[PDB]
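Student: part one of the complex, left exactly where it sits:
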Amino acid sequence: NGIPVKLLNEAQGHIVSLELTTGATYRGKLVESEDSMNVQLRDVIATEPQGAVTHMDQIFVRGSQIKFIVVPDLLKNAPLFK
Amino acid sequence: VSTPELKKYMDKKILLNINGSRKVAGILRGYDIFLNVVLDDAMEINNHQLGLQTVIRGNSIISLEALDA
Amino acid sequence: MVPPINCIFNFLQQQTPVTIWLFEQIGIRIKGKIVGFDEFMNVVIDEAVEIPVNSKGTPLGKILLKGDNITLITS
Amino acid sequence: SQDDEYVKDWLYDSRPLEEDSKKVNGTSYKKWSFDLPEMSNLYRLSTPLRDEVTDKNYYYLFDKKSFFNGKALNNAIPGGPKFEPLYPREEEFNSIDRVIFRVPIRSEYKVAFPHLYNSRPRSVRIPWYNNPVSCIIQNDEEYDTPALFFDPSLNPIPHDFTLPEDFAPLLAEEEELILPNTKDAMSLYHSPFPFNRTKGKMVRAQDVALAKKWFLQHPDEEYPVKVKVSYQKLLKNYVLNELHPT
Amino acid sequence: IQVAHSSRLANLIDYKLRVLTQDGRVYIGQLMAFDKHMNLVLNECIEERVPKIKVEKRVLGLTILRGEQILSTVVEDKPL
Amino acid sequence: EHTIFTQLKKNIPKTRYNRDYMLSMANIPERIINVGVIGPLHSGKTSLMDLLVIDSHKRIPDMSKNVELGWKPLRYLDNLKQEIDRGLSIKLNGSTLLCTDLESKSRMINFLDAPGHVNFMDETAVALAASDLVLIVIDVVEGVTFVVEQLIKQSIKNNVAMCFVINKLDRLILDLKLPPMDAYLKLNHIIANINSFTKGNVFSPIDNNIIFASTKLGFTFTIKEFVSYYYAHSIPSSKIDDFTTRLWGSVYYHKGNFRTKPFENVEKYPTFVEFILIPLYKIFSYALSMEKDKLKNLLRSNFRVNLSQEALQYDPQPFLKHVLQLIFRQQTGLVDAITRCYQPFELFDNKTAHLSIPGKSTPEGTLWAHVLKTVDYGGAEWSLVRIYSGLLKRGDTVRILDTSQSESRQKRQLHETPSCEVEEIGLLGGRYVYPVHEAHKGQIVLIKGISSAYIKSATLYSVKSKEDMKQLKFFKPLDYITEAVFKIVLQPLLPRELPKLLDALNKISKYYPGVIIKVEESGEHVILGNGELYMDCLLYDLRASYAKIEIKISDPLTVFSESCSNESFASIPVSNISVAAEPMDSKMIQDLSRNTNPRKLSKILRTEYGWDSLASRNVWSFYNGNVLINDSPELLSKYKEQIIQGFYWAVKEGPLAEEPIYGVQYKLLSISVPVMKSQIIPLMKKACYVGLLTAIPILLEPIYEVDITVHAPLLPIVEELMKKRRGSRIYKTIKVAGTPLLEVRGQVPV
Amino acid sequence: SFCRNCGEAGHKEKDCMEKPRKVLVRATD
Amino acid sequence: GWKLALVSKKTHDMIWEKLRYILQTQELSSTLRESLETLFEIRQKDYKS
C-alpha cells in the first residue's frame, strides 16, 4: 500500500488542516481516509483565502481536489517509519 | 479499490461544494463505487430549484457538508 | 442501496426533462432526455438545447455525450 | 543393518563421537548436536530406558509439589512416600455436630487442593494444577500407517473470477506432504527432555539418572510388597533431595 | 548546494527538498515519505507564496502532499 | 512472595513503538480498542498475549534462554505467585500495546486476560464489562465446549463484539496427526458450531471474524494476513478481496478456475486446504524432518525469509517456532481482524447501556468511568477503571459510588457521595506500571487512591454543575456469570487475630469480586465462592499474603436454600397478616433466574404463564426467585416499602436454617392492622415463615452442570464416578469431532 | 494386546526382548 | 470387524477411509450418517459386543 495513504490513515483522529483547490482551508478532527482519499472532518473550522471564516458540524471531501493536508507533529516519532 | 462507507451517512441534507464556488442541496438517496451521488433536488446555488433527482459525477464535488444534525 | 446506475436506468425508463450543469462549462446547460448508458458516463441526447443561464436559446441539434464534462445528470 | 544405519558406526565406541567434528564440539567433548536420523535412531533403540509417559498430565498427584504437600501435611499418597510430620500438631467449631458428611475427604483431596481441604496448613507449596488434555496419537501399528492419517480412536466428523494458470500454491514445487523422517520427527517432537531436542551439553555419566524415570512414574501392575517399598523409599530420597537446595 | 550521482528519489530521502507546485507555491524542507505518485510527506515544511515582491512564509510541519499538485522537486543539501 | 513485578522505571522493558506516542494518540476516543480476551481453561490466551507482548517490546528481562528459544511459555501476564505455581490465570492482568493493522493504522489496544478456569468466570464477566471487542480463544482439540457456548451467549448479552482466535493448530498437525482434509472438516465443524450458537451472525475466515493460531509456536494468522503477505505478488492487486472470499468454503482450484464442485481426474483439495493448510502442513513437517540445507532454499524461494547461522543449529521445537516467527512474521493480521470487526457507533451505544441505565448521552465536560474491580497489582493496590467520558488527572477530586448503592440512587435519579482524590494513575501493563498523568475517554487504566470508598465495583464521576448530574448514568452491579455457591466457614485459630482477618477479608471483598463474605452469629465467616480452585486460591491469599495467621476452616459446604413445593393447608394469622405460599412454575423459575412498569409485566405474565388478572395487577415487588402477591388501599400503600423490606429480610434468611428463600410465591390473603413500623417488619418475616411452614418445605440443593472431556474408552469409568456420587446424572454424551475425546454435559450436586 | 516390536503376545514395547525394529525359568523355589 | 482387523488390516483401514469419505465428501442421508457414526464408535472399542 502507499505510504502517505498509510500516514493519513494513521493521523485519523488528530487535528489536521486541509488546503483545497478552491483555497478552502479546513481544520479539525479527522474521521475517515480511504485508499482513495475520502477525507472526513468533525469539529471543523473553515478559513478562506478571502477571509471568510465558518464553523460546521461534520464535512466530507472527495479526494480529487485536495492540495495538501497538515498532519500534526505527533506522528513524526512513531511508528510507520521505523 | 475501497468503496465509500457512507452507509450511516444516508439520507442527509447535504450542502455540496462544486466547481465555481457554487452549492447544491440534496438528500442522500444513493451512491455507488464511483461515488456518483443520487440526490433529491432543492433550492440550488436570487435562489432557484431545478431538477427532481440528480446523478452527480463526483469530480464536480470539491467538498460536501452534512447539514443533517 | 439504490444506485446511480439504476437511477440512470430510471432516467431511461422516464425520459423526464433535464437540467444539467456542466463541469468547467459555465454558460451552457443541456436539456432534453437521458437514454444512453456506459460503465463510464458515455450517454446520448437528441434534440438538445444549450441554454445560458441568468447569473437565450442557442441553436443545437444532437449530442453524443462523452462524460468528461459532467456536474449534474438529472431528470 | 538398514534399521540402525546411522548410529552403528559409533554407538559402541568408548567416546562415541569424540573424533568427529560435525556432531560434537571437539575432542574435549563438551557439546553435542545431532542430525535427526541419528537422533530418531537413538530414540527407537532406547525404548526400555526412556519415558513412555510423554504426557505431563500423568503426574497429577505425583509431582514434586504434590510430594511436598504430602510431606508438609503428614500425608500419604498411594504411590507416594511417607515422612515425619513437619509440625507436631495436637488439639466447638469443627465438630461432628456442625459437619455435613457427604464426601469423605480422601487425602488426595488434601494434597490436590491443599488450602481448601486442610484446616491449618502451613509451609505448603502451591501444587501444579493440570496441563491441558494431551491428545497424542501413538501411531502404534507396525510401521504401516503414514505420519498423517485418521486414527481409529479419532471420532468422525458428522458434517466468473479468474487467476493465472501458473498461479501456484505455496510449496507447490514439492509433492510429498510428509518425508521418510516425518513419522520419526513427530514422534521425537512429543518426547520428554533427553530426546526432545537435537543439541545440548554433556551431562556426565554419573548425572544421567536412568532408573529415576521408573520410580517417578506409578508402579506398573501387581508388584509385590518389597518392590512398592523400593519405589516409595526412592521417592523419599528424591523428595528429601528436592526439598533442600544446597 | 550539492548532490551526488543520484539515480532516483528513494536514495536521496530525508534531504532538504525544494518542491515546486502548480499554484505558485514553493515548499522547502526535509522529506519523510514518498509514493508512486511522488506524494511527498515533507518533514519540516515551509510554504512560500508570492502575492503580487514578498515571500509569504508559512510554518506547516509534517504535511502529506498530493502528487498531482506538484510540478517538480529540487535537491539542495544534506540533512541535520 | 506475592508477585513478579518491576517497580523500577529503569527496568521496564523498552518497546519497538514509542510509549510517549502511545499516550499522545490516547486522547482520541476512536483509536483505543479494549480487548478482553476470554477463554476456556488452558486455551492459550495467556500464551496468545505472549505473542503480542514479545512483538511489542524490544527486550523483556523475564525472557530467559528457554523462552528466547521457545521451549517454555513466557507466561508474562501470569505474575501472581498463585498464577506461577498453579499454572493458571487467576486475576485480570493485561497490557497496553500499540498494534498495527495491515494498513498500518496503529492503535492502542488495552488487553485483558480474563481467567479461563470456570471457577474464575466472575472476573471474566469483569472482562466482559470492560471490553469493546472480545477474542474468544477456542481450542481445536477440545472445540466448542459448553463454556464456549456460555462465553458466546454472555458476550452477546453484554453487547460486546466477537472475534474467535481458534488456537492450537499444532495439536491438529502434531498431537492428533490429522491429514489436511480431516483437519479442514474439523475446522468446518468448529466454525459450524460457532455460527450455530451465535444468533444471526456468520463468522468465517472469509471475513476478519476468525483468526487461526497455535500460540506456543509463535504465530497467528488471518487469511487476509496470509494472502496479503504471500499471495500479494502472484495476484494482481485488484483481485485480492474476491480471492480471500473464495478461500474458505467448498471452493476448488485446478488452474486459474474456481469450481464449487470438485474436478474429474485430479480429485484434489479445496482452495482453503491447498492455499493455507497445505503450505502450513509443509512448514511444520519440513521444519521438523527435512534436512536443513533444503529448508533455506524453500524459505528463501517461497516465503522470502532467511535462516541465520544461529537459527540453523536450533532444536525442533524452537527451530519450528523460529520458522513460524519468520513466516507469520508478527501478529498484525490479528489486529486487522480486531480493527475490521468492531465499530464504535453500532455497538458502543448499547454496551454503555446494558451495564448502566439505557439513556440518551452524557455531556463531555463531566466525567463518567466504570471502576470494574480493585486489583491486587504489584506494590500497593490499584483499581481497574474504564473511562466512558471525561479526563482524569493526578490529584483530581472525583466522586465514588459503590454499585450496590447504584440502584437506589437510580430511583432517586428517577424522581452524599464519598469523594476520594486520585493519588496515582498508571497504565495496566503486564508486570509493570507505566505512570500516566492523564487518562482519556475509552482507556482502561489503573488508579490507586480510589480503592477505599467502595467494595466491589464503582461509578467514578466528576460533575461540574447542578443540572449535569441530573442526566448522569450509573453503572449496574456487575453481573457475575456464576453465583458463589461453594461455601467454607472460617474462623481464626487464635481468637486474638480476629481484626486483621477482617481487614484481610475486606481486601478479598475488593480483590476477588465473586466471593461474598457473610458474617454470621457465632463469629464465623461464611465465605462463598464459585468453586474449589477459587476457594483454595482465596485461602492461599489469606494464609500467605494478607493475614499471615492460622485459620480453622470447615468442610466443603453449600448454600442450602429453602423453598416450597406443595399447597399450604392453613392460612394462620400471626400477631406480635395471614399469607399463603405456592410453588413457582419450573419454566417461570427458569425465566426468573435469568432476571427477566406494571402494564408490561401484567401483559407478559397473563399472556405467557397463565396468570389470574387479580394476581397479575396486584404485585408488590420482585426479589429474585420469589414474588409477593396481594389478594383498604391506603393501609396497603402506607407501609409499601416497609412490607417490601420485611419481605426482603425474610427471604434473605429463612425459617429453618437461616437460608435464602428461592422459588416460593407469597399470597398475602389478608392483614389485620390497628411506632408501627417496628412491629410490621418482624411481623412480616414471621408471616412469611408461617406461610412457608404451612406448606411442606423443601431444601434446595445447587446443582453444578459438569464439563467432562475424557478419552472415549475411559467412558464407563466416568459413569462409575457419576454413580458413586449421588444426585449425579449424565444428560448428554457428545462425541467431540476429530479428537479421541468425549464431552459429557452431566450434573452433580455441589 | 501384543508387542509392537516383535509381534509376540504377552509384553509391551517397553519390556520387549528383541531390539526395536521399525522361556525356561530358574523357578520352583 | 475384529476378525477383519486381525487378518486383512490394510483392507479394514481402506474400508474405514471409504466410510469417512462417504460421511464427509458426499451428501449422505441422516440414517446413513447415524450408521457411519455407530460404525466409528464400534471401531473405537473394537467390537465390544
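Tutor: It's in. Residues are numbered from 1 along each chain as shown, chains lettered A, B, ... in the order given.
Student: which residues of the stretch 301-450 of chain F lie near chain D?
Tutor: F:301, F:302, F:303, F:313, F:314, F:315, F:316, F:317 (C-beta under 8 Å from any C-beta of the partner chain). (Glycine included, C-beta is placed from N, CA and C.)
Student: which residues touch the fourth one?
Tutor: Remark: with contacts taken as C-beta atoms under 8 Å, 6 or more residues apart in numbering or on different chains, residue F:313 is in contact with D:33, D:199.
Student: re earlier: including secondary structure and distance to residue F:294, could the residues of the stretch 301-450 of chain F next to chain D go into JSON lines?
Tutor: Shown next, in JSON lines, are these (DSSP: H, G, I helix; E, B strand; the rest coil; distance: C-beta to C-beta, whole Å):
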{"residue": "F:301", "secondary structure": "helix", "distance to residue F:294": "10"}
{"residue": "F:302", "secondary structure": "coil", "distance to residue F:294": "12"}
{"residue": "F:303", "secondary structure": "coil", "distance to residue F:294": "13"}
{"residue": "F:313", "secondary structure": "coil", "distance to residue F:294": "16"}
{"residue": "F:314", "secondary structure": "coil", "distance to residue F:294": "16"}
{"residue": "F:315", "secondary structure": "coil", "distance to residue F:294": "18"}
{"residue": "F:316", "secondary structure": "helix", "distance to residue F:294": "16"}
{"residue": "F:317", "secondary structure": "helix", "distance to residue F:294": "20"}
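Student: give the ChimeraX command for selecting the buried subset of the residues you listed.
Tutor: Selection of buried members from these for ChimeraX, criterion 16 or more other C-beta atoms under 10 Å in any protein chain shown:
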select /F:302,303,314,315,316,317
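Student: nearest to residue F:213, of the residues of the stretch 301-450 of chain F next to chain D?
Tutor: Residue F:213 lies nearest to residue F:317 out of those, by C-beta to C-beta, at 16.4 Å.
Student: hang on, the earlier thing: any chance of the residues of the stretch 301-450 of chain F next to chain D in CSV, plus distance to residue F:748?
Tutor: Output for those, formatted as CSV (distance: C-beta to C-beta, whole Å):
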residue, distance to residue F:748
F:301, 57
F:302, 53
F:303, 50
F:313, 52
F:314, 47
F:315, 44
F:316, 42
F:317, 39
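Student: can you give me the strands for the stretch 551-700 of chain F?
Tutor: When assigned using DSSP state E, counting those that start in this stretch, the strands of the stretch 551-700 of chain F occupy the ranges F:551-553, F:557-558, F:562-564, F:579-583, F:619-623, F:626-630, F:664-668, F:697-699.
Student: mind checking if the third one is in reach of chain D?
Tutor: I take that to be strand F:562-564. No - legend: contact between strand F:562-564 and chain D by C-beta under 8 Å from any C-beta is lacking; minimum distance shown is 15.3 Å.
Student: contacts for that strand?
Tutor: F:581-583, F:654-657, F:659-664, F:692, F:695-700.
Student: any of these buried? List them.
Tutor: F:581-583, F:654-655, F:659-664, F:692, F:695, F:697, F:700.
Student: ok, those residues vs residue F:717, which is closest?
Tutor: Nearest to residue F:717 among the buried ones among the contacts of strand F:562-564, with distances taken as C-beta to C-beta, is residue F:700, at 30.2 Å.
Student: how far away is the residue lying closest to the closest one once chain neighbours are set aside from residue F:660?
Tutor: Leaving aside its chain neighbours, residue F:700 sits nearest to residue F:561 (4.6 Å; criterion: C-beta to C-beta, 6 or more residues apart in numbering or on different chains). Distance check for residue F:561 against residue F:660: by C-beta to C-beta, to the nearest Å, it reads 5 Å.
Student: please enumerate the shared neighbours of those two.
Tutor: Both residue F:561 and residue F:660 are contacted by residue F:654, under the criterion C-beta under 8 Å, 6+ apart.
Student: any idea which element the nearest residue to residue F:11 once chain neighbours are set aside lies in?
Tutor: Excluding its sequence neighbours, the residue lying closest to residue F:11 (C-beta to C-beta, 6+ apart) is residue F:61, at 6.6 Å. Assigned by DSSP states H and E, residue F:61 belongs to neither a helix nor a strand.
Student: here's RNA strand I, drop it onto the model above:
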RNA sequence: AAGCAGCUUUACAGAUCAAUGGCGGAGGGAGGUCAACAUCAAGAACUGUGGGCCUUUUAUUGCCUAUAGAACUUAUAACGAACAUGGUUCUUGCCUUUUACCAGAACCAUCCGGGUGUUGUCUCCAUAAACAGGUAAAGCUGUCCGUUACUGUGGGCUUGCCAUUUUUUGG
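Tutor: RNA strand I, in position alongside the others:
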C-alpha cells in the same frame, strides 16, 4: 518470481595510471578432559556515558532523565533436567553412655562438578600483515596498501512496469 531500467558486488574488458572516496588490510582459522582472572541467587532482580537535584561546604550515600549495550542460570524459579556429606540448635526414634545413628525443621557450610566472557598458552592447518604514539585491551589514531571512485558483459534485489471522475497522459 522470465525481462528491461536502477542500485550493489566479484571475475573482469576499460579513463588517469595522478589528487581523491567507499570497502577491506596497520602480525590468521579450527579447535584442546589447557589454566588464569573475573562472574554466576538478586527491588525481576545488570552495567556504560552525561546532565540536574538534596546534606552544612557538595565528601562516601540516594534519586529523575537521555541513549548504547545485558554473556552465562532462572518459573512445576534456577548454575547441575543430577544429588551427596558435615557443623550448631530444637524436636522424635534406637535406647545402655559416647562415637556411629533414626529423621524432620531452622541457620549455615564442605565436596563431585558446571556455564559464560576476556586474557594467555598448546595442538593441527595454513600464511603493504610496512612505519610512528598507549592504556588493563583492541587497525585506537596519523602516514600508508589491494578491488576500486567515470562505462559494458556476467550474479544478487532494497524497487517500478510488462488516457477515459480520486493523482502519470488535460479545465
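Student: briefly note if the one helix or strand residue F:148 maps to comes near chain D.
Tutor: Applying DSSP H and E as the criterion places residue F:148 in helix F:146-157. No - Helix F:146-157 does not reach chain D (C-beta under 8 Å from any C-beta); its nearest approach is 13.3 Å.
Student: kindly format the C-alpha coordinates of that helix as PDB.
Tutor: What follows is helix F:146-157, C-alpha atoms only, in PDB (Å, rounded to 0.1, in the frame of the first residue of the first chain):
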ATOM      1  CA  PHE F 146     -20.300 -25.700  27.000                       C
ATOM      2  CA  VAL F 147     -18.000 -23.000  28.400                       C
ATOM      3  CA  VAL F 148     -17.500 -21.600  24.900                       C
ATOM      4  CA  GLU F 149     -21.300 -21.500  24.500                       C
ATOM      5  CA  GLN F 150     -21.800 -19.500  27.600                       C
ATOM      6  CA  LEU F 151     -19.000 -17.100  26.800                       C
ATOM      7  CA  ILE F 152     -20.600 -16.600  23.400                       C
ATOM      8  CA  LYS F 153     -24.000 -16.100  24.900                       C
ATOM      9  CA  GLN F 154     -22.800 -13.700  27.600                       C
ATOM     10  CA  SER F 155     -20.800 -11.700  25.200                       C
ATOM     11  CA  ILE F 156     -23.900 -11.300  23.100                       C
ATOM     12  CA  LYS F 157     -25.900 -10.400  26.300                       C
END
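Student: packing partners for that helix?
Tutor: helix F:121-130, strand F:161-167, helix F:180-197 (3 or more C-beta pairs under 8 Å, 6 or more residues apart in numbering or on different chains; DSSP states H and E).
Student: hey, which of those is tucked in deepest?
Tutor: Mean neighbour count (mean count of other C-beta atoms under 10 Å in any protein chain shown) peaks for helix F:121-130 among the helices and strands packed on helix F:146-157, with a mean of 26.
Student: contacts for that one, please.
Tutor: For helix F:121-130, contacts defined as C-beta under 8 Å, 6+ apart pick out F:34, F:36-38, F:91-92, F:112-116, F:134, F:147, F:151, F:154-155, F:158, F:160, F:355, F:370, F:372-373, F:384, F:386, F:444, F:478-482, F:484, F:512-514, F:530.
Student: right, and the helix or strand after it?
Tutor: strand F:133-135.
Student: just checking, next helix/strand downstream of that next one?
Tutor: Following strand F:133-135 toward the C-terminus (DSSP H and E): strand F:138-139.
Student: is stretch D:85-92 up against chain F anywhere?
Tutor: No - using C-beta under 8 Å from any C-beta, no contact is recorded between stretch D:85-92 and chain F, whose separation bottoms out at 8.5 Å.
Student: how far does that stretch stretch from start to finish?
Tutor: End-to-end distance for stretch D:85-92, by C-alpha to C-alpha, to the nearest Å: 25 Å.
Student: how distant is that stretch from the center of its chain?
Tutor: 36 Å (C-alpha atoms, centre = their mean, to the nearest Å).
Student: RNA strand I is nearest to which of the helices and strands packed on helix F:146-157?
Tutor: Each of the helices and strands packed on helix F:146-157 has some distance to RNA strand I by C-beta to the nearest atom of the strand; the shortest is strand F:161-167, at 18.0 Å.
Student: pull up the pairing partners for that closest one, direction included.
Tutor: Sheet partners assigned to strand F:161-167 using DSSP bridges are listed as strand F:133-135 (parallel), strand F:138-139 (parallel), strand F:210-214 (parallel).
Student: before we move on, the earlier item: narrow the contacts of helix F:121-130 to those in helices?
Tutor: Among the contacts of helix F:121-130, the members found in helices (DSSP state H) are F:147, F:151, F:154, F:155.
Student: what would those look like in JSON lines with neighbour count and distance to RNA strand I?
Tutor: JSON lines is the format used below for these (neighbours: other C-beta atoms under 10 Å in any protein chain shown; distance: C-beta to the nearest atom of the strand, whole Å):
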{"residue": "F:147", "neighbour count": "21", "distance to RNA strand I": "22"}
{"residue": "F:151", "neighbour count": "27", "distance to RNA strand I": "25"}
{"residue": "F:154", "neighbour count": "18", "distance to RNA strand I": "30"}
{"residue": "F:155", "neighbour count": "22", "distance to RNA strand I": "29"}
